[PDB]
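Engineer: Quick one: the structure is below, questions incoming.
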Amino acid sequence: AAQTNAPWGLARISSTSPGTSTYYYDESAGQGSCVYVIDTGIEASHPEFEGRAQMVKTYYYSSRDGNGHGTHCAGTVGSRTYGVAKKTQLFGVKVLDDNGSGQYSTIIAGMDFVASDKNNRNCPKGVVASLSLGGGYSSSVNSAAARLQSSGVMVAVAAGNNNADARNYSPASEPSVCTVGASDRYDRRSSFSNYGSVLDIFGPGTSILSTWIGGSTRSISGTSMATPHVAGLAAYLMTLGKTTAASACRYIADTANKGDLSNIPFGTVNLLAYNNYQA
């Protein structure tokens, strides 16, 4: 399949080269997979989600995305126009309030929620969690992300936007999950992207167009926006049978575009997510 005039990040994940604008992907498109978007919620009624998005959990008075960040991430995972995996199911877990903040105990509970809730969903092709969130180092948050991964969910988490080593951030510093840095359309490390030996992969993170609340769209930047590309890519690859939840991050790093990013600090992987689709 070919999506002409796609967002640059979708076109990048299906290209050996920057600077193209067509997204190529197998038409299975993550059908039969599931992605939990653990964030500020999802505007499930956005026409871009086509009935495939639903709120499954909130820790606040409403499940409704009052921020836009969770909607934007869910759109990069699986919306028809802005999404990597255009047929996946999206499950919203609102662990962040509408200023995008969340206590870490709520974030931990939401992660444990997903590890159990996936047994209430039909995801024959496998389960992904996208965690476009983070703060300071927490061994309890790392361990929650590790449990989720251990439970058979691919966990993809943002490296953080501190332009620092991600060792000092959670859940970015949890080694068993897939820690995602951000690159820009010129294959530069995004100026804000964390780095370090705990990063597993880079995805498009600068000026990423996706769904926004109020049925709108907008372009925003962040390792938080790189993560759903990788989450979406995992759901897509799992549906194609190329990998499983336990091995997707490794598989994505094995099949990634290698050595194409600039300003990657010594000791950080130079790997850009790539679906390796041959049309």
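Chain labels A, B, ... are given in the sequence in which chains occur in the structure tokens; within each chain residues are numbered consecutively from 1, and ligands are likewise numbered from 1 in the order shown.
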Find the spatial neighbours of residue 20 in chain A, counting only C-alpha atoms, within a cut-off of 9 Å - ignore same-chain residues fewer than 6 positions away - and output them as a list in words.
Structural biologist: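 Residues near the query, excluding close chain neighbours: residues 5, 8, 11 and 12 of chain A.
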Engineer: Extract, using only C-alpha atoms, all DNA, RNA and protein residues at most 8 Å from range 255-272 of chain A, discarding same-chain residues fewer than 6 positions from it, and format them as a list in words.
Structural biologist: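 Listed by chain and then number, they are residues 13, 16, 183, 187, 188, 189, 195, 196, 197, 198, 199, 200, 201, 202 and 203 of chain A.
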Engineer: Which one of A:157, A:34, A:237, A:252 sits closest to residue 130 in chain A if you count only C-alpha atoms?
Structural biologist: A:157
Engineer: Can you pull out the residues contacting residue 117 in chain A? Cut-off 10 Å, using only C-alpha atoms, and skip same-chain residues under 4 positions away; I want them as a PyMOL selection string.
Structural biologist: chain A and resi 36+56-57+91+110-113+121
Engineer: So, with only C-alpha atoms as the atoms that count, which of A:152, A:222, A:9, A:214 lies closest to residue 76 in chain A?
Structural biologist: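 Closest to residue 76 in chain A of all the choices is A:9.
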Engineer: From the DSSP assignment of the backbone, select every residue of range 12-188 of chain A that is strand (DSSP E or B), and format the answer as a VMD selection string.
Structural biologist: chain A and resid 23 to 24 33 to 39 53 to 58 89 to 94 126 to 131 135 to 136 153 to 158 165 169 to 170 178 to 183 188
Engineer: Could you give me, as number ranges by chain, the residues within 12 Å of residue 75 in chain A, counting only C-alpha atoms and dropping anything in the same chain fewer than 6 positions from it?
Structural biologist: A: 7, 10, 35, 37, 41-50, 52-53, 68-69, 81-92, 130, 208-213, 215-219, 225, 227-229, 231-232
Engineer: As a PyMOL selection string, please: the residues near residue 161 in chain A (cut-off 12 Å, only C-alpha atoms, same-chain neighbours under 4 positions excluded).
Structural biologist: chain A and resi 132-136+165-166+168-169+172+180-183+189-195+205-206+221-227
Engineer: I'd like to know which of A:59, A:23, A:251, A:137 is closest to residue 102 in chain A, using only C-alpha atoms.
Structural biologist: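 Closest residue, counting only C-alpha atoms: A:59.
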Engineer: Residues of range 106-152 of chain A in alpha helix (DSSP H) according to DSSP, as a list in words?
Structural biologist: residues 106, 107, 108, 109, 110, 111, 112, 113, 114, 115, 116, 117, 139, 140, 141, 142, 143, 144, 145, 146, 147, 148, 149 and 150 of chain A
Engineer: Under the rule that only C-alpha atoms are counted, which of A:158, A:77, A:1, A:129 is the nearest residue to residue 278 in chain A?
Structural biologist: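 Going through A:158, A:77, A:1, A:129 one by one, the smallest distance to residue 278 in chain A is for A:1.
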Engineer: If we count only C-alpha atoms and set the cut-off at 10 Å, which residues sit around residue 241 in chain A, ignoring sequence neighbours fewer than 5 positions away in its own chain? Please answer as a list in words.
Structural biologist: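 Contacts, with the query itself left out: residues 125, 126, 235 and 236 of chain A.
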Engineer: Which is closer to residue 65 in chain A than all the others in A:94, A:38, A:140, A:51, using only C-alpha atoms?
Structural biologist: A:94
Engineer: With distances taken over only C-alpha atoms, which of A:40, A:63, A:173, A:4 is nearest to residue 139 in chain A?
Structural biologist: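 Among the listed residues, the smallest separation from residue 139 in chain A belongs to A:173.
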Engineer: CA of residue 93 in chain A to CA of residue 55 in chain A: how many Å, to one decimal?
Structural biologist: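 We find that CA of residue 93 in chain A and CA of residue 55 in chain A lie 6.4 Å from each other.
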Engineer: Residues near residue 240 in chain A, anyone? I mean within 9 Å using only C-alpha atoms, not counting same-chain ones fewer than 6 positions away, as a list in words.
Structural biologist: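 Once the nearby chain positions are removed, what remains is residues 26, 28, 29, 30 and 125 of chain A.
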Engineer: For the residues selected in the previous step, produce a file with N, CA, C and O atoms as a JSON list (two decimals), in the first residue's frame.
Structural biologist:
[["chain", "number", "residue", "atom", "x", "y", "z"],
["A", 26, "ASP", "N", 2.59, -2.76, 4.26],
["A", 26, "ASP", "CA", 1.72, -3.90, 3.96],
["A", 26, "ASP", "C", 0.29, -3.61, 4.41],
["A", 26, "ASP", "O", 0.07, -3.04, 5.48],
["A", 28, "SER", "N", -2.09, -5.33, 5.57],
["A", 28, "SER", "CA", -2.55, -5.88, 6.85],
["A", 28, "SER", "C", -2.63, -4.77, 7.90],
["A", 28, "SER", "O", -3.56, -4.75, 8.72],
["A", 29, "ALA", "N", -1.66, -3.86, 7.90],
["A", 29, "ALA", "CA", -1.75, -2.59, 8.61],
["A", 29, "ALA", "C", -2.04, -2.76, 10.11],
["A", 29, "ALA", "O", -2.71, -1.93, 10.72],
["A", 30, "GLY", "N", -1.48, -3.80, 10.72],
["A", 30, "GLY", "CA", -1.70, -3.99, 12.14],
["A", 30, "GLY", "C", -3.08, -4.50, 12.52],
["A", 30, "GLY", "O", -3.42, -4.50, 13.70],
["A", 125, "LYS", "N", -2.99, -10.90, 17.23],
["A", 125, "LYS", "CA", -1.68, -10.63, 16.65],
["A", 125, "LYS", "C", -0.71, -10.02, 17.64],
["A", 125, "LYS", "O", 0.48, -9.88, 17.33]]
Engineer: For a test of reading the model, state the distance in Å between CA of residue 127 in chain A and CA of residue 153 in chain A, rounded to one decimal.
Structural biologist: 5.1 Å
Engineer: Suppose you want the space between CA of residue 104 in chain A and CA of residue 160 in chain A; what is it in Å?
Structural biologist: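 That distance, rounded to one decimal, is 15.7 Å.
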